[PDB]
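For reference, the chain that follows is the form deposited without the ligand, supplied as structure tokens.
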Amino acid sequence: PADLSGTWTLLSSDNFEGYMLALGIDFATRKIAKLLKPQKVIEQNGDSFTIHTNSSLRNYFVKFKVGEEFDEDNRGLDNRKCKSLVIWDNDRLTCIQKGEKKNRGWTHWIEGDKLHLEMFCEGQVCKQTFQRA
């Protein structure tokens, strides 16, 4: 495991548009979303996590415990329901989201004081890095 806690600000994004296309987000929302610099707040208590994703266009919140399946109604995103599970891929916090979309999920990890994030959905992978605020 690794400590991923803190308030993070998006430093670099990469292929976020491909990621969103794969989700089926419309033109209007994608144009606005790609212009955002969302903040990520990670509260970590042992294997208990609460991750806040704050941005202009929308605020997001996910609360989970590692190894505990939980449904994710993304009616604030792609409106598609998913059955999620987060596990420790050695020091990388990886989530598998089973649902309509295939090979959808995300992975967080930290190297130095920089937070990395990969968000994928059936072929598209959006890489992002954040800096401790």
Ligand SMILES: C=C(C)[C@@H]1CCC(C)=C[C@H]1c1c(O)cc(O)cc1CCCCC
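Only residues modelled in both forms are compared. For every residue, the number given is its place in the sequence shown, counted from 1. Between two forms, the rigid core is the largest collection of C-alphas that superpose within 1.5 Å.
Comparing 20 to 28 with 105 to 113, the higher mean C-alpha B-factor in the PDB entry belongs to 20 to 28. Relative to one another, 68 to 76 and 38 to 46 have unequal mean CA B-factors, and 68 to 76 is the one with the higher figure. In this entry, the residue among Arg92, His52, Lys83, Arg58 with the greatest C-alpha B factor is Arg58. In the deposited entry, the Cα temperature factor of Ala33 sits in the top third of values across the chain's modelled residues.
Although not depicted, the form deposited with the ligand bound is the subject of the following passage.
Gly46 falls outside the set of residues with a heavy atom inside 4.5 Å of the ligand in the entry with it bound. Using a 4.5 Å cutoff between non-hydrogen atoms, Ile96 does not count as a contact of the ligand in the entry with it bound.
The ligand in the entry with it bound comes within 4.5 Å of a heavy atom belonging to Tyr19. Using a 4.5 Å cutoff between non-hydrogen atoms, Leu36 counts as a contact of the ligand in the entry with it bound. In summary, among the residues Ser84, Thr53, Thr107, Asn103, the only one with a non-hydrogen atom within 4.5 Å of the ligand in the entry with it bound is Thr53. The candidate spot formed by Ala2, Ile42 and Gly112 is out of contact with the ligand in the entry with it bound: none of the three has a heavy atom within 4.5 Å. Along 99 to 133, residues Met119, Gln128 each place a heavy atom within 4.5 Å of the ligand in the entry with it bound. Core-based superposition between this form and the one not shown shows that the consecutive residues, three or more at a time, whose C-alphas shift by 2 angstroms or more lie in one run only, 56 to 58.
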